[PDB]
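This text opens with one protein chain seen in two forms, each one given by itself as structure tokens under the names structure 1 and structure 2.
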Structure 1
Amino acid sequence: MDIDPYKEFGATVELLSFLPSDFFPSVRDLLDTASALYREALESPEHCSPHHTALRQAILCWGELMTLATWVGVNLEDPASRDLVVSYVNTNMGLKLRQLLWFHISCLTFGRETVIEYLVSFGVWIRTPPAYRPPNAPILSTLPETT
């Protein structure tokens, strides 16, 4: 019924596609980041933030797609069809999860607005000609500047 997953949080699908698709880290680096930082809270019987609620659902959505990739690997007899189904899940469906996991993990770590301004800032930077922009790409950091 035309739902935007980011609209609830103050973003859009268009705003996350304003960053290159290859910018977002892999699926496993994001799952290991959520499991390192957030695992105790994700497994809690508490809502915590709406980011936790959304992030719990995305991790479970991906687990069912990995069960699908496993199911395809065994059941389907011909390798030609197995590989087109597994490659679609890991790349095409993976990209939309990579954006969604990156978004909520970043909004938990760095704050939600910080991620929204970063996401506008980085996208303008990548479209600015190199001579007229700051030389180094934007990045998010929790490490305070020594002063």
Structure 2
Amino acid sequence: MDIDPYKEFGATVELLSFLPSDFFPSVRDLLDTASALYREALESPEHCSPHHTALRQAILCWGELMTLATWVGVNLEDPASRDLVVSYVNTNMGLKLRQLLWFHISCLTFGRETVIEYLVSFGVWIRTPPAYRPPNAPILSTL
């Protein structure tokens, strides 16, 4: 299968490739936000929305990945090799998981249309040469 996890939400992996990898917050920050804002709705027995249905699975996937990596590191011998596997998991898997978490949290919070427009505008920005690039990077806001 060639599943794109954003195609049903109107985006694509080429649209989120606009944003760099240094843009997405830490997974701890994203999960703290998710808790604070939608704990009672993610722990709820209800299809409140596809964004919830997907954020739950993303949280569980992060849990499984962290469990595996922790077990590996503990059963591992060299601290260099431990930090090495940590770097690999962080970059690859953390990047993808926080792409997903960011997308879905931001959608729930602001709007799917707003998030797509934000990706487009951020692409405009990050493509603009720095001599004509405003320092006020785009940012999602409700106020």
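Shifts are known only where both forms have a C-alpha. Basically, rigid core = biggest C-alpha set you can superpose within 1.5 Å across the two forms. Here, residue number means position along structure 1's sequence, counting from 1.
Answer among 61, 85, 95, 68 for the CA shift between the two structures that reaches 2 Å or more, rigid core superposed
Comparing the C-alpha positions, the one residue that moves 2 Å or more is 85.
Superpose on the rigid core, then tell me if the C-alpha of residue 131 is displaced by 2 angstroms or more between the two structures.
After core superposition, the displacement of the residue 131 C-alpha between the two structures reaches the 2 Å mark, so yes.
Rigid core superposed, I'd like the Cα shift of residue 18 between the two structures in Å.
That residue's C-alpha sits 1.0 Å away in the other form.
Superpose the two forms on the rigid core, then give the C-alpha shift of residue 111 between the two structures in Å.
Looking at the C-alpha of residue 111 between the two structures, the offset is 0.6 Å.
So if I superpose on the core and keep residues found in both forms, which blocks of at least 3 in a row have all their CA atoms moved by 2 Å or more between the two structures?
Shifted segments: 73-87, 130-135.
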